[PDB]
>>> print(open('input.cif').read())   # mmCIF, C-alpha atoms; chains and numbers go by the auth columns
data_coords
#
loop_
_atom_site.group_PDB
_atom_site.id
_atom_site.type_symbol
_atom_site.label_atom_id
_atom_site.label_comp_id
_atom_site.label_asym_id
_atom_site.label_seq_id
_atom_site.Cartn_x
_atom_site.Cartn_y
_atom_site.Cartn_z
_atom_site.B_iso_or_equiv
_atom_site.auth_seq_id
_atom_site.auth_asym_id
ATOM 1 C CA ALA A 1 110.063 55.806 159.258 0.00 1 N
ATOM 2 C CA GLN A 2 110.495 56.537 155.544 0.00 2 N
ATOM 3 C CA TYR A 3 107.111 55.112 154.675 0.00 3 N
ATOM 4 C CA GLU A 4 104.382 56.333 157.016 0.00 4 N
ATOM 5 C CA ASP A 5 100.734 55.620 157.073 0.00 5 N
ATOM 6 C CA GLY A 6 98.953 58.821 156.238 0.00 6 N
ATOM 7 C CA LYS A 7 101.833 59.991 154.004 0.00 7 N
ATOM 8 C CA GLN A 8 102.519 57.804 150.978 0.00 8 N
ATOM 9 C CA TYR A 9 99.509 55.668 151.705 0.00 9 N
ATOM 10 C CA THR A 10 96.495 55.466 153.991 0.00 10 N
ATOM 11 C CA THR A 11 95.206 52.337 155.646 0.00 11 N
ATOM 12 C CA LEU A 12 91.632 51.139 155.244 0.00 12 N
ATOM 13 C CA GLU A 13 90.013 50.846 158.662 0.00 13 N
ATOM 14 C CA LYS A 14 87.708 48.281 157.096 0.00 14 N
ATOM 15 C CA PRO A 15 90.135 45.913 155.269 0.00 15 N
ATOM 16 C CA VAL A 16 88.811 43.946 152.335 0.00 16 N
ATOM 17 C CA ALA A 17 89.225 40.161 152.269 0.00 17 N
ATOM 18 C CA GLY A 18 89.901 38.294 149.030 0.00 18 N
ATOM 19 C CA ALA A 19 90.816 41.561 147.305 0.00 19 N
ATOM 20 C CA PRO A 20 92.983 41.574 144.165 0.00 20 N
ATOM 21 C CA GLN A 21 96.656 42.043 145.103 0.00 21 N
ATOM 22 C CA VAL A 22 97.137 45.279 143.235 0.00 22 N
ATOM 23 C CA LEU A 23 93.801 46.956 142.378 0.00 23 N
ATOM 24 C CA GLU A 24 93.576 50.151 140.318 0.00 24 N
ATOM 25 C CA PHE A 25 90.497 52.323 139.576 0.00 25 N
ATOM 26 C CA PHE A 26 90.097 54.867 136.816 0.00 26 N
ATOM 27 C CA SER A 27 87.543 56.713 134.656 0.00 27 N
ATOM 28 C CA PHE A 28 87.982 57.764 131.066 0.00 28 N
ATOM 29 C CA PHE A 29 86.467 61.061 132.277 0.00 29 N
ATOM 30 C CA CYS A 30 89.113 61.443 134.977 0.00 30 N
ATOM 31 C CA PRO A 31 91.794 64.001 133.959 0.00 31 N
ATOM 32 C CA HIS A 32 94.509 62.743 136.329 0.00 32 N
ATOM 33 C CA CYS A 33 93.804 59.254 134.977 0.00 33 N
ATOM 34 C CA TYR A 34 94.580 60.563 131.535 0.00 34 N
ATOM 35 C CA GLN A 35 97.855 61.898 132.931 0.00 35 N
ATOM 36 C CA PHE A 36 98.398 58.602 134.872 0.00 36 N
ATOM 37 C CA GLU A 37 97.987 56.629 131.683 0.00 37 N
ATOM 38 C CA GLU A 38 99.394 58.664 128.778 0.00 38 N
ATOM 39 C CA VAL A 39 102.002 60.828 130.431 0.00 39 N
ATOM 40 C CA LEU A 40 103.160 58.893 133.483 0.00 40 N
ATOM 41 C CA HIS A 41 102.411 55.265 132.497 0.00 41 N
ATOM 42 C CA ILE A 42 101.888 54.480 136.191 0.00 42 N
ATOM 43 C CA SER A 43 100.328 51.035 135.703 0.00 43 N
ATOM 44 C CA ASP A 44 103.189 50.100 133.527 0.00 44 N
ATOM 45 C CA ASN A 45 105.990 51.163 135.824 0.00 45 N
ATOM 46 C CA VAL A 46 104.317 49.592 138.844 0.00 46 N
ATOM 47 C CA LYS A 47 104.079 46.197 137.085 0.00 47 N
ATOM 48 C CA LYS A 48 107.801 46.604 136.388 0.00 48 N
ATOM 49 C CA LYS A 49 108.470 46.670 140.099 0.00 49 N
ATOM 50 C CA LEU A 50 106.026 44.109 141.434 0.00 50 N
ATOM 51 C CA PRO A 51 107.496 40.805 142.799 0.00 51 N
ATOM 52 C CA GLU A 52 106.943 37.578 140.976 0.00 52 N
ATOM 53 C CA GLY A 53 103.487 36.160 141.512 0.00 53 N
ATOM 54 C CA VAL A 54 101.683 39.506 141.659 0.00 54 N
ATOM 55 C CA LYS A 55 98.627 39.977 139.480 0.00 55 N
ATOM 56 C CA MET A 56 97.618 43.481 138.484 0.00 56 N
ATOM 57 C CA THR A 57 93.907 44.388 138.158 0.00 57 N
ATOM 58 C CA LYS A 58 92.390 47.588 136.660 0.00 58 N
ATOM 59 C CA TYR A 59 88.683 48.625 136.842 0.00 59 N
ATOM 60 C CA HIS A 60 86.489 51.462 135.480 0.00 60 N
ATOM 61 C CA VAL A 61 84.013 53.404 137.638 0.00 61 N
ATOM 62 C CA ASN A 62 80.472 54.687 137.105 0.00 62 N
ATOM 63 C CA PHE A 63 80.400 57.895 139.162 0.00 63 N
ATOM 64 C CA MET A 64 81.839 60.139 136.433 0.00 64 N
ATOM 65 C CA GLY A 65 80.174 61.057 133.158 0.00 65 N
ATOM 66 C CA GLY A 66 76.617 60.004 133.973 0.00 66 N
ATOM 67 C CA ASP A 67 75.039 57.656 131.455 0.00 67 N
ATOM 68 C CA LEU A 68 78.161 57.565 129.316 0.00 68 N
ATOM 69 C CA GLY A 69 80.167 56.611 132.414 0.00 69 N
ATOM 70 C CA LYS A 70 78.303 53.337 132.790 0.00 70 N
ATOM 71 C CA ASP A 71 78.609 52.641 129.034 0.00 71 N
ATOM 72 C CA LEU A 72 82.351 53.062 129.504 0.00 72 N
ATOM 73 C CA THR A 73 82.344 50.579 132.419 0.00 73 N
ATOM 74 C CA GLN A 74 80.509 48.040 130.291 0.00 74 N
ATOM 75 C CA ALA A 75 82.921 48.670 127.379 0.00 75 N
ATOM 76 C CA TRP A 76 85.885 48.228 129.698 0.00 76 N
ATOM 77 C CA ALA A 77 84.307 44.883 130.629 0.00 77 N
ATOM 78 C CA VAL A 78 84.237 44.054 126.879 0.00 78 N
ATOM 79 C CA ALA A 79 87.899 45.077 126.641 0.00 79 N
ATOM 80 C CA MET A 80 88.757 42.767 129.577 0.00 80 N
ATOM 81 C CA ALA A 81 86.835 39.828 128.096 0.00 81 N
ATOM 82 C CA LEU A 82 88.332 40.232 124.627 0.00 82 N
ATOM 83 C CA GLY A 83 91.775 41.074 126.037 0.00 83 N
ATOM 84 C CA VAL A 84 92.031 44.253 124.010 0.00 84 N
ATOM 85 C CA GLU A 85 92.691 46.654 126.913 0.00 85 N
ATOM 86 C CA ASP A 86 96.001 47.671 125.357 0.00 86 N
ATOM 87 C CA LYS A 87 94.380 48.625 122.102 0.00 87 N
ATOM 88 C CA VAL A 88 91.476 50.726 123.330 0.00 88 N
ATOM 89 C CA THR A 89 92.748 52.554 126.379 0.00 89 N
ATOM 90 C CA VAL A 90 94.467 55.389 124.561 0.00 90 N
ATOM 91 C CA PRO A 91 91.785 55.959 121.893 0.00 91 N
ATOM 92 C CA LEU A 92 89.089 55.958 124.595 0.00 92 N
ATOM 93 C CA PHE A 93 90.982 58.541 126.686 0.00 93 N
ATOM 94 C CA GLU A 94 91.636 60.749 123.695 0.00 94 N
ATOM 95 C CA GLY A 95 88.060 60.404 122.458 0.00 95 N
ATOM 96 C CA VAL A 96 86.520 61.457 125.819 0.00 96 N
ATOM 97 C CA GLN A 97 89.108 64.068 126.803 0.00 97 N
ATOM 98 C CA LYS A 98 91.180 65.251 123.803 0.00 98 N
ATOM 99 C CA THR A 99 89.098 65.181 120.626 0.00 99 N
ATOM 100 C CA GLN A 100 85.645 64.871 122.242 0.00 100 N
ATOM 101 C CA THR A 101 84.293 62.466 119.655 0.00 101 N
ATOM 102 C CA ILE A 102 82.815 60.036 122.157 0.00 102 N
ATOM 103 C CA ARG A 103 79.298 61.176 122.986 0.00 103 N
ATOM 104 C CA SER A 104 77.364 57.898 122.924 0.00 104 N
ATOM 105 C CA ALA A 105 77.746 54.119 123.215 0.00 105 N
ATOM 106 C CA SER A 106 77.889 54.103 119.458 0.00 106 N
ATOM 107 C CA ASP A 107 81.003 56.254 119.441 0.00 107 N
ATOM 108 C CA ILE A 108 82.635 54.008 122.053 0.00 108 N
ATOM 109 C CA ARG A 109 81.937 51.089 119.735 0.00 109 N
ATOM 110 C CA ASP A 110 83.643 52.899 116.805 0.00 110 N
ATOM 111 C CA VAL A 111 86.898 52.962 118.762 0.00 111 N
ATOM 112 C CA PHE A 112 86.778 49.180 119.085 0.00 112 N
ATOM 113 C CA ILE A 113 85.970 48.765 115.352 0.00 113 N
ATOM 114 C CA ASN A 114 88.853 51.008 114.348 0.00 114 N
ATOM 115 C CA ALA A 115 91.044 49.119 116.788 0.00 115 N
ATOM 116 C CA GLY A 116 90.244 45.993 114.818 0.00 116 N
ATOM 117 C CA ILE A 117 87.712 44.084 116.901 0.00 117 N
ATOM 118 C CA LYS A 118 84.794 43.082 114.686 0.00 118 N
ATOM 119 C CA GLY A 119 81.312 44.450 115.063 0.00 119 N
ATOM 120 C CA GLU A 120 79.758 41.087 115.503 0.00 120 N
ATOM 121 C CA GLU A 121 82.332 40.161 118.163 0.00 121 N
ATOM 122 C CA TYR A 122 81.990 43.423 120.026 0.00 122 N
ATOM 123 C CA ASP A 123 78.177 43.469 119.951 0.00 123 N
ATOM 124 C CA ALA A 124 78.234 39.837 121.025 0.00 124 N
ATOM 125 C CA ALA A 125 80.542 40.561 123.992 0.00 125 N
ATOM 126 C CA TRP A 126 78.623 43.780 124.824 0.00 126 N
ATOM 127 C CA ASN A 127 75.461 41.795 125.350 0.00 127 N
ATOM 128 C CA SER A 128 76.940 38.692 126.959 0.00 128 N
ATOM 129 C CA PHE A 129 76.367 37.696 130.597 0.00 129 N
ATOM 130 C CA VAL A 130 80.115 37.125 131.021 0.00 130 N
ATOM 131 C CA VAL A 131 80.421 40.860 130.476 0.00 131 N
ATOM 132 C CA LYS A 132 77.526 41.466 132.923 0.00 132 N
ATOM 133 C CA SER A 133 79.388 39.828 135.810 0.00 133 N
ATOM 134 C CA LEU A 134 82.559 41.560 134.696 0.00 134 N
ATOM 135 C CA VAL A 135 80.582 44.820 135.119 0.00 135 N
ATOM 136 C CA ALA A 136 79.339 43.617 138.505 0.00 136 N
ATOM 137 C CA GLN A 137 82.887 42.784 139.629 0.00 137 N
ATOM 138 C CA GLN A 138 84.016 46.298 138.739 0.00 138 N
ATOM 139 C CA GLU A 139 81.164 47.678 140.734 0.00 139 N
ATOM 140 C CA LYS A 140 81.586 45.313 143.683 0.00 140 N
ATOM 141 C CA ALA A 141 85.296 46.029 143.962 0.00 141 N
ATOM 142 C CA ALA A 142 84.641 49.783 144.067 0.00 142 N
ATOM 143 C CA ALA A 143 81.825 49.219 146.555 0.00 143 N
ATOM 144 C CA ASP A 144 84.028 47.193 148.890 0.00 144 N
ATOM 145 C CA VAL A 145 86.471 50.113 149.218 0.00 145 N
ATOM 146 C CA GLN A 146 84.427 53.288 149.956 0.00 146 N
ATOM 147 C CA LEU A 147 85.396 54.464 146.447 0.00 147 N
ATOM 148 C CA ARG A 148 84.560 58.124 145.544 0.00 148 N
ATOM 149 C CA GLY A 149 87.687 59.303 143.771 0.00 149 N
ATOM 150 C CA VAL A 150 89.963 58.216 140.967 0.00 150 N
ATOM 151 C CA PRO A 151 92.718 57.544 140.092 0.00 151 N
ATOM 152 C CA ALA A 152 92.991 55.223 143.080 0.00 152 N
ATOM 153 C CA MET A 153 95.114 52.196 143.921 0.00 153 N
ATOM 154 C CA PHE A 154 94.676 49.557 146.604 0.00 154 N
ATOM 155 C CA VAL A 155 97.181 46.951 147.692 0.00 155 N
ATOM 156 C CA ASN A 156 95.839 43.720 149.234 0.00 156 N
ATOM 157 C CA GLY A 157 92.531 45.277 150.209 0.00 157 N
ATOM 158 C CA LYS A 158 94.343 47.052 153.030 0.00 158 N
ATOM 159 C CA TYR A 159 96.524 49.911 151.776 0.00 159 N
ATOM 160 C CA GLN A 160 95.573 52.841 149.602 0.00 160 N
ATOM 161 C CA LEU A 161 98.173 54.832 147.679 0.00 161 N
ATOM 162 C CA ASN A 162 98.158 58.499 148.579 0.00 162 N
ATOM 163 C CA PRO A 163 99.892 60.289 145.721 0.00 163 N
ATOM 164 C CA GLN A 164 99.236 63.698 147.215 0.00 164 N
ATOM 165 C CA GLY A 165 102.014 62.990 149.719 0.00 165 N
ATOM 166 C CA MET A 166 104.780 62.553 147.123 0.00 166 N
ATOM 167 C CA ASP A 167 106.739 65.152 145.152 0.00 167 N
ATOM 168 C CA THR A 168 105.530 66.131 141.676 0.00 168 N
ATOM 169 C CA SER A 169 108.319 68.628 140.692 0.00 169 N
ATOM 170 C CA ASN A 170 109.773 65.811 138.636 0.00 170 N
ATOM 171 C CA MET A 171 107.396 63.391 136.971 0.00 171 N
ATOM 172 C CA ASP A 172 109.943 60.588 136.650 0.00 172 N
ATOM 173 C CA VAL A 173 110.662 60.926 140.321 0.00 173 N
ATOM 174 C CA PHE A 174 106.940 61.005 141.121 0.00 174 N
ATOM 175 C CA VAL A 175 106.468 57.711 139.272 0.00 175 N
ATOM 176 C CA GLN A 176 109.422 55.818 140.836 0.00 176 N
ATOM 177 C CA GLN A 177 108.308 56.962 144.224 0.00 177 N
ATOM 178 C CA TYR A 178 104.770 55.770 143.564 0.00 178 N
ATOM 179 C CA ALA A 179 105.946 52.471 142.169 0.00 179 N
ATOM 180 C CA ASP A 180 108.423 51.793 144.987 0.00 180 N
ATOM 181 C CA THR A 181 105.595 52.569 147.423 0.00 181 N
ATOM 182 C CA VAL A 182 103.440 49.916 145.766 0.00 182 N
ATOM 183 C CA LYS A 183 106.337 47.474 146.098 0.00 183 N
ATOM 184 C CA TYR A 184 106.797 48.288 149.787 0.00 184 N
ATOM 185 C CA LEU A 185 103.087 47.880 150.476 0.00 185 N
ATOM 186 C CA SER A 186 103.148 44.681 148.440 0.00 186 N
ATOM 187 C CA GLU A 187 105.778 43.137 150.723 0.00 187 N
ATOM 188 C CA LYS A 188 104.141 44.321 153.953 0.00 188 N
#
>>> encode(input="input.cif", output="structure tokens")
Amino acid sequence: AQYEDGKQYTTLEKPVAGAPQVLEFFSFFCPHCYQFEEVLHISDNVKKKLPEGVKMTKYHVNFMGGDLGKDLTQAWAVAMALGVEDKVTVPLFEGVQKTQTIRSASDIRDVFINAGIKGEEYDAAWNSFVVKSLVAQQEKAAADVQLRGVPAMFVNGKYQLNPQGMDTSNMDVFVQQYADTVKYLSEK
């Protein structure tokens, strides 16, 4: 074919029922995630090519960055609850990986404050049980799909993007290829 299992994607031998349609995993400690977000804008270009009706879900993972990794998963939960994902993603990436000014929960919190969320609202969210189950969801979703590496994308709990089998000589071409693959798997 032109799209072959084992080349632009792999198939989960233990499919996952009820799974979000498009499910993406990242870590603010993950260097290719930094690239995927700031340089390539993968999420963004995929959305651009999804059919109508398709919801896009993105989760953080715990297995990078030790104690600060979990803090970042909780904070991502806060971002999801407050709907401020688009205002914290970049400063969180640049704080962990570029400037190295995020060394504790307290520094994560500063990013939110400077992004305009208020202390009282953040601290409230941070400690809320809605955020706890949001954290649990992130963890369950990773758990359901063997997950040990990021960035990672799953379509309908059955197909997993395999970006290693696509050309990277041209980053625009890498992205379109990736996005078109997601569309193909979407329609499958």
>>> resolve_selection(input="input.cif", expression="the PyMOL selection byres ((chain N and resi 69) around 12)", output="list in words")
residues 26, 27, 28, 29, 30, 60, 61, 62, 63, 64, 65, 66, 67, 68, 70, 71, 72, 73, 74, 75, 76, 92, 96, 102, 103, 104, 105 and 108 of chain N
>>> residues_around(input="input.cif", residues="residue N:55", least_positions_apart="6", cutoff="8 Å", atoms="only C-alpha atoms", output="ChimeraX atom specification")
/N:20-22
>>> closest_residue(input="input.cif", among="N:84, N:141, N:79, N:150", to="residue N:126", atoms="all atoms listed in the file")
N:79
>>> resolve_selection(input="input.cif", expression="the PyMOL selection byres ((chain N and resi 151) around 10)", output="VMD selection string")
chain N and resid 24 to 27 30 to 37 60 to 61 148 to 150 152 to 153 161 163
>>> residues_around(input="input.cif", residues="residue N:2", least_positions_apart="4", cutoff="12 Å", atoms="only C-alpha atoms", output="PyMOL selection string")
chain N and resi 6-9+166+177+180-181+184
>>> residues_around(input="input.cif", residues="residue N:54", least_positions_apart="6", cutoff="12 Å", atoms="only C-alpha atoms", output="number ranges by chain")
N: 20-23, 46-48, 155-156, 182-183, 186-187
>>> resolve_selection(input="input.cif", expression="the PyMOL selection byres ((chain N and resi 13) around 12)", output="ChimeraX atom specification")
/N:5,10-12,14-16,145-146,157-160
>>> closest_residue(input="input.cif", among="N:77, N:49, N:1, N:118", to="residue N:139", atoms="only C-alpha atoms")
N:77
>>> residues_around(input="input.cif", residues="residue N:113", least_positions_apart="4", cutoff="12 Å", atoms="all atoms listed in the file", output="PyMOL selection string")
chain N and resi 84+87-88+91+106-109+117-123
>>> closest_residue(input="input.cif", among="N:98, N:41, N:188, N:58", to="residue N:142", atoms="all atoms listed in the file")
N:58
>>> atom_distance(input="input.cif", atom1="atom CA of residue N:165", atom2="atom CA of residue N:56")
22.9 Å
>>> atom_distance(input="input.cif", atom1="atom CA of residue N:95", atom2="atom CA of residue N:131")
22.5 Å
>>> decode(input="input.cif", residues="stretch 11-100 of chain N", atoms="C-alpha atoms", output="mmCIF file, in the first residue's frame")
data_model
loop_
_atom_site.group_PDB
_atom_site.id
_atom_site.type_symbol
_atom_site.label_atom_id
_atom_site.label_comp_id
_atom_site.auth_asym_id
_atom_site.auth_seq_id
_atom_site.Cartn_x
_atom_site.Cartn_y
_atom_site.Cartn_z
ATOM 1 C CA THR N 11 -1.271 -1.234 15.579
ATOM 2 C CA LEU N 12 -1.983 -1.951 19.232
ATOM 3 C CA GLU N 13 -2.420 -5.688 19.717
ATOM 4 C CA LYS N 14 -4.518 -4.817 22.748
ATOM 5 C CA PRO N 15 -6.965 -2.169 21.394
ATOM 6 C CA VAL N 16 -8.454 0.280 23.847
ATOM 7 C CA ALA N 17 -12.236 0.689 24.035
ATOM 8 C CA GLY N 18 -13.836 4.071 24.694
ATOM 9 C CA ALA N 19 -10.546 5.813 23.901
ATOM 10 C CA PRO N 20 -10.480 9.482 22.854
ATOM 11 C CA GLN N 21 -10.553 9.766 19.046
ATOM 12 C CA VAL N 22 -7.228 11.505 18.709
ATOM 13 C CA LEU N 23 -5.083 11.133 21.861
ATOM 14 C CA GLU N 24 -1.694 12.824 22.252
ATOM 15 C CA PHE N 25 0.897 12.400 25.056
ATOM 16 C CA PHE N 26 3.735 14.732 25.927
ATOM 17 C CA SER N 27 6.083 15.835 28.731
ATOM 18 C CA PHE N 28 7.429 19.307 29.296
ATOM 19 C CA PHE N 29 10.745 17.485 29.852
ATOM 20 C CA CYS N 30 10.532 15.778 26.465
ATOM 21 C CA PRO N 31 12.837 17.468 23.897
ATOM 22 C CA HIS N 32 11.030 16.185 20.789
ATOM 23 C CA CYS N 33 7.805 17.428 22.387
ATOM 24 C CA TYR N 34 9.349 20.856 22.551
ATOM 25 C CA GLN N 35 10.133 20.530 18.844
ATOM 26 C CA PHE N 36 6.617 19.060 18.207
ATOM 27 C CA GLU N 37 5.038 22.047 19.886
ATOM 28 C CA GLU N 38 7.170 25.133 19.183
ATOM 29 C CA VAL N 39 8.827 24.300 15.899
ATOM 30 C CA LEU N 40 6.470 21.906 14.136
ATOM 31 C CA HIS N 41 3.076 22.796 15.680
ATOM 32 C CA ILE N 42 1.993 19.183 15.123
ATOM 33 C CA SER N 43 -1.172 19.329 17.245
ATOM 34 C CA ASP N 44 -2.222 22.367 15.384
ATOM 35 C CA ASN N 45 -1.741 21.052 11.878
ATOM 36 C CA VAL N 46 -3.394 17.745 12.726
ATOM 37 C CA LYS N 47 -6.541 19.518 14.001
ATOM 38 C CA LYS N 48 -6.518 21.366 10.670
ATOM 39 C CA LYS N 49 -6.907 18.077 8.865
ATOM 40 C CA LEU N 50 -9.275 16.165 11.112
ATOM 41 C CA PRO N 51 -12.852 15.541 9.788
ATOM 42 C CA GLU N 52 -15.790 17.263 11.353
ATOM 43 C CA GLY N 53 -16.827 15.711 14.633
ATOM 44 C CA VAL N 54 -13.320 14.797 15.788
ATOM 45 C CA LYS N 55 -12.267 15.832 19.271
ATOM 46 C CA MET N 56 -8.585 16.247 20.017
ATOM 47 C CA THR N 57 -7.209 15.294 23.467
ATOM 48 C CA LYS N 58 -3.715 16.035 24.893
ATOM 49 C CA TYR N 59 -2.262 14.597 28.160
ATOM 50 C CA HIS N 60 0.941 15.010 30.230
ATOM 51 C CA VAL N 61 2.941 12.057 31.588
ATOM 52 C CA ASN N 62 4.689 11.335 34.888
ATOM 53 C CA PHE N 63 7.659 9.190 33.838
ATOM 54 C CA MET N 64 9.976 12.108 33.019
ATOM 55 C CA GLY N 65 11.412 14.605 35.477
ATOM 56 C CA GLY N 66 10.720 12.737 38.711
ATOM 57 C CA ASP N 67 8.844 14.732 41.326
ATOM 58 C CA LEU N 68 8.592 17.772 39.086
ATOM 59 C CA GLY N 69 7.097 15.555 36.369
ATOM 60 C CA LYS N 70 4.051 14.777 38.478
ATOM 61 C CA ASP N 71 3.704 18.461 39.476
ATOM 62 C CA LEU N 72 3.620 19.212 35.757
ATOM 63 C CA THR N 73 0.876 16.599 35.210
ATOM 64 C CA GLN N 74 -1.196 18.151 37.973
ATOM 65 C CA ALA N 75 -0.572 21.651 36.535
ATOM 66 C CA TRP N 76 -1.599 20.451 33.091
ATOM 67 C CA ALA N 77 -4.806 19.246 34.767
ATOM 68 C CA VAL N 78 -5.239 22.809 36.135
ATOM 69 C CA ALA N 79 -4.647 24.170 32.626
ATOM 70 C CA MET N 80 -7.327 21.808 31.236
ATOM 71 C CA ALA N 81 -9.849 22.745 33.936
ATOM 72 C CA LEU N 82 -9.282 26.483 33.565
ATOM 73 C CA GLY N 83 -9.008 26.227 29.768
ATOM 74 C CA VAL N 84 -5.695 28.044 29.700
ATOM 75 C CA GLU N 85 -3.695 25.385 27.815
ATOM 76 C CA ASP N 86 -2.933 27.874 25.053
ATOM 77 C CA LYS N 87 -1.469 30.365 27.458
ATOM 78 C CA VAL N 88 0.833 28.142 29.487
ATOM 79 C CA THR N 89 2.179 25.576 27.066
ATOM 80 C CA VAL N 90 4.954 27.692 25.611
ATOM 81 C CA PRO N 91 6.108 29.305 28.882
ATOM 82 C CA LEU N 92 6.161 25.877 30.560
ATOM 83 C CA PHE N 93 8.273 24.375 27.748
ATOM 84 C CA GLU N 94 10.675 27.287 27.752
ATOM 85 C CA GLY N 95 10.890 27.309 31.546
ATOM 86 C CA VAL N 96 11.778 23.576 31.778
ATOM 87 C CA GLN N 97 13.947 23.344 28.658
ATOM 88 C CA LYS N 98 15.166 26.783 27.487
ATOM 89 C CA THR N 99 15.667 29.107 30.449
ATOM 90 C CA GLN N 100 15.615 26.475 33.224
#
